[PDB]
file final.pdb (PDB, C-alpha atoms)
ATOM      1  CA  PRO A   4     116.280  97.797 102.288  1.00  0.00           C
ATOM      2  CA  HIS A   5     112.902  97.710 100.470  1.00  0.00           C
ATOM      3  CA  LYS A   6     109.571  97.648 102.334  1.00  0.00           C
ATOM      4  CA  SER A   7     106.046  97.084 101.009  1.00  0.00           C
ATOM      5  CA  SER A   8     103.333  97.252 103.683  1.00  0.00           C
ATOM      6  CA  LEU A   9     100.222  95.089 103.153  1.00  0.00           C
ATOM      7  CA  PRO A  10      97.706  96.672 105.492  1.00  0.00           C
ATOM      8  CA  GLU A  11      94.793  94.634 104.130  1.00  0.00           C
ATOM      9  CA  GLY A  12      96.974  91.474 104.092  1.00  0.00           C
ATOM     10  CA  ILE A  13      97.255  89.002 101.183  1.00  0.00           C
ATOM     11  CA  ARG A  14      95.012  86.354  99.603  1.00  0.00           C
ATOM     12  CA  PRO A  15      95.552  83.342  97.328  1.00  0.00           C
ATOM     13  CA  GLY A  16      96.250  84.970  93.976  1.00  0.00           C
ATOM     14  CA  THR A  17      98.733  87.522  95.300  1.00  0.00           C
ATOM     15  CA  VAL A  18     101.880  87.691  93.208  1.00  0.00           C
ATOM     16  CA  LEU A  19     105.122  89.283  94.432  1.00  0.00           C
ATOM     17  CA  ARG A  20     107.477  89.947  91.532  1.00  0.00           C
ATOM     18  CA  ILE A  21     111.032  90.963  92.164  1.00  0.00           C
ATOM     19  CA  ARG A  22     113.581  92.041  89.619  1.00  0.00           C
ATOM     20  CA  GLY A  23     117.124  92.912  90.519  1.00  0.00           C
ATOM     21  CA  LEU A  24     120.827  92.241  90.396  1.00  0.00           C
ATOM     22  CA  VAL A  25     123.087  90.299  92.711  1.00  0.00           C
ATOM     23  CA  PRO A  26     126.196  92.460  93.357  1.00  0.00           C
ATOM     24  CA  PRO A  27     129.573  91.068  92.154  1.00  0.00           C
ATOM     25  CA  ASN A  28     130.517  90.497  95.817  1.00  0.00           C
ATOM     26  CA  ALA A  29     127.188  89.369  97.252  1.00  0.00           C
ATOM     27  CA  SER A  30     127.049  86.877 100.065  1.00  0.00           C
ATOM     28  CA  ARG A  31     123.289  86.665 100.658  1.00  0.00           C
ATOM     29  CA  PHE A  32     119.960  88.454 100.361  1.00  0.00           C
ATOM     30  CA  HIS A  33     116.442  87.787 101.621  1.00  0.00           C
ATOM     31  CA  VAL A  34     112.761  88.212 101.001  1.00  0.00           C
ATOM     32  CA  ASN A  35     110.526  88.118 104.048  1.00  0.00           C
ATOM     33  CA  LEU A  36     106.760  88.007 104.430  1.00  0.00           C
ATOM     34  CA  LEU A  37     106.182  89.378 107.959  1.00  0.00           C
ATOM     35  CA  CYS A  38     103.126  89.570 110.198  1.00  0.00           C
ATOM     36  CA  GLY A  39     103.819  93.093 111.466  1.00  0.00           C
ATOM     37  CA  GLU A  40     105.991  96.211 111.032  1.00  0.00           C
ATOM     38  CA  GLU A  41     107.798  95.896 114.382  1.00  0.00           C
ATOM     39  CA  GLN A  42     111.256  94.316 114.705  1.00  0.00           C
ATOM     40  CA  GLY A  43     111.150  90.626 115.565  1.00  0.00           C
ATOM     41  CA  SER A  44     107.729  90.127 113.943  1.00  0.00           C
ATOM     42  CA  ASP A  45     106.826  86.528 112.973  1.00  0.00           C
ATOM     43  CA  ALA A  46     107.748  85.514 109.446  1.00  0.00           C
ATOM     44  CA  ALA A  47     105.312  83.485 107.385  1.00  0.00           C
ATOM     45  CA  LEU A  48     108.040  83.135 104.782  1.00  0.00           C
ATOM     46  CA  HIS A  49     111.766  83.816 104.793  1.00  0.00           C
ATOM     47  CA  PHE A  50     113.456  83.335 101.442  1.00  0.00           C
ATOM     48  CA  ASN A  51     117.218  83.494 101.563  1.00  0.00           C
ATOM     49  CA  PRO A  52     119.464  82.938  98.529  1.00  0.00           C
ATOM     50  CA  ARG A  53     122.972  82.432  99.819  1.00  0.00           C
ATOM     51  CA  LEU A  54     125.755  82.917  97.333  1.00  0.00           C
ATOM     52  CA  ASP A  55     128.478  82.298  99.916  1.00  0.00           C
ATOM     53  CA  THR A  56     127.244  78.789 100.805  1.00  0.00           C
ATOM     54  CA  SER A  57     125.573  77.979  97.455  1.00  0.00           C
ATOM     55  CA  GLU A  58     122.079  77.308  98.798  1.00  0.00           C
ATOM     56  CA  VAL A  59     118.643  78.844  99.048  1.00  0.00           C
ATOM     57  CA  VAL A  60     116.953  78.344 102.384  1.00  0.00           C
ATOM     58  CA  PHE A  61     113.261  78.656 103.233  1.00  0.00           C
ATOM     59  CA  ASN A  62     111.948  79.054 106.759  1.00  0.00           C
ATOM     60  CA  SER A  63     109.384  80.653 109.032  1.00  0.00           C
ATOM     61  CA  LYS A  64     109.788  82.393 112.387  1.00  0.00           C
ATOM     62  CA  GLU A  65     107.393  82.218 115.374  1.00  0.00           C
ATOM     63  CA  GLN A  66     107.997  83.846 118.797  1.00  0.00           C
ATOM     64  CA  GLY A  67     111.494  84.755 117.661  1.00  0.00           C
ATOM     65  CA  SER A  68     112.351  81.124 116.876  1.00  0.00           C
ATOM     66  CA  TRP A  69     113.231  79.748 113.437  1.00  0.00           C
ATOM     67  CA  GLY A  70     111.368  76.608 112.343  1.00  0.00           C
ATOM     68  CA  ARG A  71     112.680  73.693 110.260  1.00  0.00           C
ATOM     69  CA  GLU A  72     114.626  74.858 107.231  1.00  0.00           C
ATOM     70  CA  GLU A  73     113.672  73.713 103.757  1.00  0.00           C
ATOM     71  CA  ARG A  74     116.167  74.051 100.886  1.00  0.00           C
ATOM     72  CA  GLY A  75     115.775  74.099  97.123  1.00  0.00           C
ATOM     73  CA  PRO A  76     118.026  72.632  94.369  1.00  0.00           C
ATOM     74  CA  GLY A  77     121.453  74.328  94.539  1.00  0.00           C
ATOM     75  CA  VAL A  78     121.284  78.090  93.868  1.00  0.00           C
ATOM     76  CA  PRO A  79     119.584  79.664  90.828  1.00  0.00           C
ATOM     77  CA  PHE A  80     121.479  82.938  91.303  1.00  0.00           C
ATOM     78  CA  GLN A  81     125.021  84.000  90.401  1.00  0.00           C
ATOM     79  CA  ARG A  82     127.083  87.068  91.357  1.00  0.00           C
ATOM     80  CA  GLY A  83     126.871  89.994  88.943  1.00  0.00           C
ATOM     81  CA  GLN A  84     123.741  88.739  87.135  1.00  0.00           C
ATOM     82  CA  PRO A  85     120.099  89.929  86.849  1.00  0.00           C
ATOM     83  CA  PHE A  86     117.255  87.830  88.165  1.00  0.00           C
ATOM     84  CA  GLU A  87     113.553  87.655  88.457  1.00  0.00           C
ATOM     85  CA  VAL A  88     111.676  86.029  91.258  1.00  0.00           C
ATOM     86  CA  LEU A  89     107.986  85.469  91.747  1.00  0.00           C
ATOM     87  CA  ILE A  90     106.603  84.534  95.096  1.00  0.00           C
ATOM     88  CA  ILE A  91     103.082  83.330  94.573  1.00  0.00           C
ATOM     89  CA  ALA A  92     100.548  82.878  97.344  1.00  0.00           C
ATOM     90  CA  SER A  93      98.024  80.032  97.085  1.00  0.00           C
ATOM     91  CA  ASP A  94      95.765  78.229  99.515  1.00  0.00           C
ATOM     92  CA  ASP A  95      98.467  75.564 100.010  1.00  0.00           C
ATOM     93  CA  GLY A  96     101.543  77.698 100.500  1.00  0.00           C
ATOM     94  CA  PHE A  97     103.890  79.910  98.541  1.00  0.00           C
ATOM     95  CA  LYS A  98     105.369  79.025  95.160  1.00  0.00           C
ATOM     96  CA  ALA A  99     108.828  80.412  94.466  1.00  0.00           C
ATOM     97  CA  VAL A 100     109.706  80.880  90.803  1.00  0.00           C
ATOM     98  CA  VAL A 101     113.130  81.889  89.594  1.00  0.00           C
ATOM     99  CA  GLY A 102     113.845  82.461  85.928  1.00  0.00           C
ATOM    100  CA  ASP A 103     111.535  80.215  83.898  1.00  0.00           C
ATOM    101  CA  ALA A 104     110.714  77.471  86.378  1.00  0.00           C
ATOM    102  CA  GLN A 105     109.063  76.916  89.720  1.00  0.00           C
ATOM    103  CA  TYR A 106     111.918  76.503  92.164  1.00  0.00           C
ATOM    104  CA  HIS A 107     110.291  75.513  95.450  1.00  0.00           C
ATOM    105  CA  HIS A 108     106.912  75.063  97.110  1.00  0.00           C
ATOM    106  CA  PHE A 109     106.740  76.251 100.697  1.00  0.00           C
ATOM    107  CA  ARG A 110     103.689  74.944 102.461  1.00  0.00           C
ATOM    108  CA  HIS A 111     101.942  77.387 104.833  1.00  0.00           C
ATOM    109  CA  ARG A 112     102.973  77.208 108.487  1.00  0.00           C
ATOM    110  CA  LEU A 113     101.406  80.442 109.756  1.00  0.00           C
ATOM    111  CA  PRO A 114      97.948  81.582 108.516  1.00  0.00           C
ATOM    112  CA  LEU A 115      98.351  83.514 105.241  1.00  0.00           C
ATOM    113  CA  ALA A 116      95.905  86.067 106.643  1.00  0.00           C
ATOM    114  CA  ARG A 117      98.522  87.214 109.191  1.00  0.00           C
ATOM    115  CA  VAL A 118     100.894  88.611 106.556  1.00  0.00           C
ATOM    116  CA  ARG A 119     101.168  92.434 106.679  1.00  0.00           C
ATOM    117  CA  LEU A 120     104.532  93.397 105.165  1.00  0.00           C
ATOM    118  CA  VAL A 121     107.113  92.468 102.505  1.00  0.00           C
ATOM    119  CA  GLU A 122     110.821  93.100 103.189  1.00  0.00           C
ATOM    120  CA  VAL A 123     113.661  92.683 100.697  1.00  0.00           C
ATOM    121  CA  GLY A 124     117.190  93.123 102.071  1.00  0.00           C
ATOM    122  CA  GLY A 125     120.844  92.098 102.092  1.00  0.00           C
ATOM    123  CA  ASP A 126     123.328  92.091  99.226  1.00  0.00           C
ATOM    124  CA  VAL A 127     120.796  92.770  96.463  1.00  0.00           C
ATOM    125  CA  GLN A 128     120.474  95.540  93.893  1.00  0.00           C
ATOM    126  CA  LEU A 129     116.741  96.044  93.418  1.00  0.00           C
ATOM    127  CA  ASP A 130     115.341  97.160  90.083  1.00  0.00           C
ATOM    128  CA  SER A 131     111.625  96.722  90.886  1.00  0.00           C
ATOM    129  CA  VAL A 132     109.341  95.242  93.544  1.00  0.00           C
ATOM    130  CA  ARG A 133     105.713  94.886  92.509  1.00  0.00           C
ATOM    131  CA  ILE A 134     102.750  93.232  94.186  1.00  0.00           C
ATOM    132  CA  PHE A 135     100.011  92.099  91.797  1.00  0.00           C
TER     133      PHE A 135
END
call {"tool": "encode", "arguments": {"input": "final.pdb", "output": "structure tokens"}}
result
Amino acid sequence: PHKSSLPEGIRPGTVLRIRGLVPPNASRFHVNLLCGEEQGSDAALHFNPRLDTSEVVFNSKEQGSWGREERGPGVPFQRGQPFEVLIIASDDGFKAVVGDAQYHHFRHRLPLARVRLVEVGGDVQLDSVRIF
């Protein structure tokens, strides 16, 4: 479970870059942008590649409740293989890039200014997590 606190929050122009490996027997992993360090904190972005159901879901969470799910085209991950993801913050929302192409655009639901933490967890082998 990787954690990067963002005490001063994030602005348009923030780039989260994640490099890692999906274990041979992965079912799913996630990348969350949370609004606090405490369990149950709202999620501005929840990014959830699911190898077991061959999807990638996007969602937010407010007052403990999940919002409407968005999904991207199939699943640009595959068990046993390295990956690289960028999550890019803009004024409009977050851009998710996998490999060499933008994968999904997730329009802001919560104010970007609320974001205070990055969590990466689940069946993922993490090589590096860098915030630029």
call {"tool": "resolve_selection", "arguments": {"input": "final.pdb", "expression": "the PyMOL selection byres ((chain A and resi 134) around 9)", "output": "PyMOL selection string"}}
result
chain A and resi 7+17-21+132-133+135
call {"tool": "write_last_selection", "arguments": {"input": "final.pdb", "atoms": "C-alpha atoms", "output": "PDB file, in the coordinates of the input"}}
result
ATOM      1  CA  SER A   7     106.046  97.084 101.009  1.00  0.00           C
ATOM      2  CA  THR A  17      98.733  87.522  95.300  1.00  0.00           C
ATOM      3  CA  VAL A  18     101.880  87.691  93.208  1.00  0.00           C
ATOM      4  CA  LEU A  19     105.122  89.283  94.432  1.00  0.00           C
ATOM      5  CA  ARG A  20     107.477  89.947  91.532  1.00  0.00           C
ATOM      6  CA  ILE A  21     111.032  90.963  92.164  1.00  0.00           C
ATOM      7  CA  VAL A 132     109.341  95.242  93.544  1.00  0.00           C
ATOM      8  CA  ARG A 133     105.713  94.886  92.509  1.00  0.00           C
ATOM      9  CA  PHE A 135     100.011  92.099  91.797  1.00  0.00           C
TER      10      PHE A 135
END
call {"tool": "closest_residue", "arguments": {"input": "final.pdb", "among": "A:34, A:15, A:43, A:105", "to": "residue 124 (chain A)", "atoms": "all atoms listed in the file"}}
result
A:34
call {"tool": "closest_residue", "arguments": {"input": "final.pdb", "among": "A:83, A:37, A:28, A:107", "to": "residue 61 (chain A)", "atoms": "all atoms listed in the file"}}
result
A:107
call {"tool": "residues_around", "arguments": {"input": "final.pdb", "residues": "residue 80 (chain A)", "least_positions_apart": "4", "cutoff": "10 Å", "atoms": "all atoms listed in the file", "output": "PDB file with C-alpha atoms, in the coordinates of the input"}}
result
ATOM      1  CA  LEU A  24     120.827  92.241  90.396  1.00  0.00           C
ATOM      2  CA  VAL A  25     123.087  90.299  92.711  1.00  0.00           C
ATOM      3  CA  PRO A  52     119.464  82.938  98.529  1.00  0.00           C
ATOM      4  CA  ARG A  53     122.972  82.432  99.819  1.00  0.00           C
ATOM      5  CA  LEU A  54     125.755  82.917  97.333  1.00  0.00           C
ATOM      6  CA  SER A  57     125.573  77.979  97.455  1.00  0.00           C
ATOM      7  CA  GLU A  58     122.079  77.308  98.798  1.00  0.00           C
ATOM      8  CA  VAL A  59     118.643  78.844  99.048  1.00  0.00           C
ATOM      9  CA  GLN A  84     123.741  88.739  87.135  1.00  0.00           C
ATOM     10  CA  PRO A  85     120.099  89.929  86.849  1.00  0.00           C
ATOM     11  CA  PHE A  86     117.255  87.830  88.165  1.00  0.00           C
ATOM     12  CA  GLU A  87     113.553  87.655  88.457  1.00  0.00           C
ATOM     13  CA  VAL A 101     113.130  81.889  89.594  1.00  0.00           C
ATOM     14  CA  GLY A 102     113.845  82.461  85.928  1.00  0.00           C
TER      15      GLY A 102
END
call {"tool": "atom_distance", "arguments": {"input": "final.pdb", "atom1": "CA of residue 39 (chain A)", "atom2": "CA of residue 123 (chain A)"}}
result
14.6 Å
call {"tool": "atom_distance", "arguments": {"input": "final.pdb", "atom1": "CA of residue 14 (chain A)", "atom2": "CA of residue 118 (chain A)"}}
result
9.4 Å
call {"tool": "atom_distance", "arguments": {"input": "final.pdb", "atom1": "CA of residue 131 (chain A)", "atom2": "CA of residue 23 (chain A)"}}
result
6.7 Å
call {"tool": "residues_around", "arguments": {"input": "final.pdb", "residues": "residue 115 (chain A)", "least_positions_apart": "6", "cutoff": "9 Å", "atoms": "all atoms listed in the file", "output": "ChimeraX atom specification"}}
result
/A:12-15,47,92-94,96
call {"tool": "residues_around", "arguments": {"input": "final.pdb", "residues": "residue 64 (chain A)", "least_positions_apart": "3", "cutoff": "8 Å", "atoms": "all atoms listed in the file", "output": "number ranges by chain"}}
result
A: 45-49, 67-70
call {"tool": "closest_residue", "arguments": {"input": "final.pdb", "among": "A:30, A:44, A:35, A:56", "to": "residue 5 (chain A)", "atoms": "all atoms listed in the file"}}
result
A:35
call {"tool": "resolve_selection", "arguments": {"input": "final.pdb", "expression": "the PyMOL selection byres ((chain A and resi 75) around 7)", "output": "PyMOL selection string"}}
result
chain A and resi 59-60+73-74+76-77+106-107
call {"tool": "closest_residue", "arguments": {"input": "final.pdb", "among": "A:128, A:97, A:109, A:120", "to": "residue 42 (chain A)", "atoms": "only C-alpha atoms"}}
result
A:120
call {"tool": "axis_aligned_box", "arguments": {"input": "final.pdb", "around": "region 70-80 of chain A", "padding_each_side": "5 Å", "output": "lines of an AutoDock Vina configuration file"}}
result
center_x = 116.4
center_y = 77.8
center_z = 101.6
size_x = 20.1
size_y = 20.3
size_z = 31.5
call {"tool": "closest_residue", "arguments": {"input": "final.pdb", "among": "A:100, A:88, A:9, A:29", "to": "residue 125 (chain A)", "atoms": "all atoms listed in the file"}}
result
A:29
